[PDB]
Each structure stands twice: as C-alpha cells, then as structure tokens.
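Notes for the one structure printed next.
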Amino acid sequence: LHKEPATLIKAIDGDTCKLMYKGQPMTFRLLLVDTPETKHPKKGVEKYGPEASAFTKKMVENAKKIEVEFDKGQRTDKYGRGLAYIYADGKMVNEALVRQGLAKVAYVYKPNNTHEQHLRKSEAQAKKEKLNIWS
Ligand SMILES: Cc1cn([C@H]2C[C@H](OP(=O)(O)O)[C@@H](COP(=O)(O)O)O2)c(=O)[nH]c1=O
Ligand SMILES: [Ca+2]
Numbered sequence: 007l008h009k010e011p012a013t014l015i016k017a018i019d020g021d022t023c024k025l026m027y028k029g030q031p032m033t034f035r036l037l038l039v040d041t042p043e044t045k046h047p048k049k050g051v052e053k054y055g056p057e058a059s060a061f062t063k064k065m066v067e068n069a070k071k072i073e074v075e076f077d078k079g080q081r082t083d084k085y086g087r088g089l090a091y092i093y094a095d096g097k098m099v100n101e102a103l104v105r106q107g108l109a110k111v112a113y114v115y116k117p118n119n120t121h122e123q124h125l126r127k128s129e130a131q132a133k134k135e136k137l138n139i140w141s
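7 is the number of the first residue of the sequence shown in PDB author numbering; add one for each residue after it.
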C-alpha cells in the first residue's frame with residue numbers, strides 16, 4: 007500500500023469527511039470501521055456518535071499532514087465515497103477510533119482487509135479496557 011497526500015476540506019462525522027484528493031474534492035469513508043450514526047433518521051443519533059465525531063474532527067483539523075491509503079480492492083463504495091485508511095500526522099485515524107472504543111471493526115470486504123488484524127487487536131484492547139462503546 008502507498009500513502010498519498012490529501013488536504014482536509016470538511017470533517018463530516020466520525021468516519022466520513024471531504025478531502026481534496028488529486029486536485030478534486032471527494033468524500034471519504036474510513037475502511038474497516040464504523041463510528042456511530044449522528045445523521046440518518048433510520049439510526050438516529052446513536053450513542054458515542056457525537057463523541058466519535060468530535061474525536062475525528064480534532065484529529066484531522068489539528069494535523070500538519072493528511073494522507074490517504076487505498077487498499078488493494080475497490081477504491082470507492084456504492085455511494086461514490088473513496089475507501090481508505092486515513093493518516094493524520096502519521097497516525098491512522100481508523101485505528102485511533104477503534105482503540106478509543108469509538109468505532110467497531112465492521113464492513114470487512116475482501117480483499118480490502120489488509121489492516122484487519124491490526125484493527126482487531128486494538129478493538130480487543132478497547133473491549134477489555136471497557137472503553138466507551140464497550141462500557
Ligand atoms: C466502510 C464501507 C462501507 N460500505 C457501505 C456499507 C453500508 O451501505 P448501506 O447504506 O447499504 O448500509 C454503508 C456503511 O457506511 P455508513 O456507516 O457511512 O453508513 O456503506 C461499503 O460499501 N463498503 C465499505 O468498505
Ligand atoms: Ca458510520
């Protein structure tokens with residue numbers, strides 16, 4: 007996998023944001039995780055949703071460098087959102103949320119699963135430490 011620079015346009019919620027990639031604005035959705043809903047009426051404002059959103063926002067807003075890393079399978083989902091592992095100053099946002107108990111490992115679609123085990127070990131840690139979602 008190769009990391010590529012991007013520029014933050016707007017953080018939307020815990021796992022979706024708009025970035026300027028390859029000269030064009032695109033909304034991105036973090037690979038392999040799921041932060042709680044704060045938008046969709048069918049799900050309503052789920053618990054920790056606002057929190058996951060605050061965590062992500064702070065993280066990407068205060069970063070000097072943002073990089074996107076596509077996996078080896080498809081690069082966009084059915085809604086046209088880019089699918090990637092996002093890094094804020096070298097720290098993977100996907101992992102950070104999981105480790106904090108603000109996201110669950112989900113939507114594991116082969117072959118876009120290169121970092122699955124890494125994210126799972128962090129989630130098991132958040133779980134045993136009964137953090138947020140796991141409390
Ligand atoms: C992370 C991810 C999301 N999705 C889809 C599944 C879900 O679609 P449905 O709308 O059909 O449930 C939705 C989950 O993202 P959200 O958490 O943003 O809803 O996006 C994929 O298609 N593949 C992925 O790798
Ligand atoms: Ca979500």
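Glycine included, C-beta positions come from ideal geometry on N, C-alpha and C.
Close Cβ partners of residue i (< 7 Å) along its chain, the five nearest in sequence each way excluded
i         : result
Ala58     : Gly20, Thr41, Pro42, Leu103, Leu108 and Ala109
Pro56     : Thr44
residue 1 : Lying outside 7 to 141, the shown extent of the chain, residue 1 is not represented and no answer is given.
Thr82     : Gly88 and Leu89
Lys49     : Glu43
Proximity to residue i [Cα-Cα], best of the options
i      : options                        : result
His124 : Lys24, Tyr27, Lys28 and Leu37  : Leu37
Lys16  : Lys136, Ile72 and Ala130       : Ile72
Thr13  : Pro56, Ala60, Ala69 and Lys133 : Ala69
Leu25  : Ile92, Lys49 and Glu101        : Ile92
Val111 : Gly96, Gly86, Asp83 and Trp140 : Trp140
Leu89  : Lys97, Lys116 and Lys136       : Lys116
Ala94  : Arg126, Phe61 and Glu122       : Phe61
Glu101 : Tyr85, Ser128 and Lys84        : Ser128
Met32  : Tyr85, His46 and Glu52         : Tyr85
Nearest-angstrom beta carbon gap, residue j and residue i [assumed within contact, 8 Å]
i      : j      : result
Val66  : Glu10  : Not quite, the Cβ-Cβ distance comes to about 16 Å (not below 8 Å), so this is no contact.
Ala132 : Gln106 : 7 Å
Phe34  : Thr44  : Actually they are not in contact, since the Cβ atoms of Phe34 and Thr44 sit about 17 Å apart, beyond 8 Å.
Cross-strand partners of residue i (DSSP beta bridge)
i      : result
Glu73  : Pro11 and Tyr93
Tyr27  : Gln30
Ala58  : Note: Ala58 sits in no beta bridge, so no partner.
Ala132 : Bridge partners of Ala132: none, in fact.
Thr44  : None; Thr44 has no bridge partner.
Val39  : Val111
Cβ shell of residue i (< 8 Å), same chain only, five flanking positions each side left out
i      : result
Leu7   : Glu75, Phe76, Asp77, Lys78, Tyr91 and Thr120
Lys63  : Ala17
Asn118 : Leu37, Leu38, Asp77, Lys78, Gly79, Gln80 and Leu89
Same chain, Cβ closer than 6 Å to residue i, five either side skipped, listed in chain order
i      : result
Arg126 : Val111
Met98  : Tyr91
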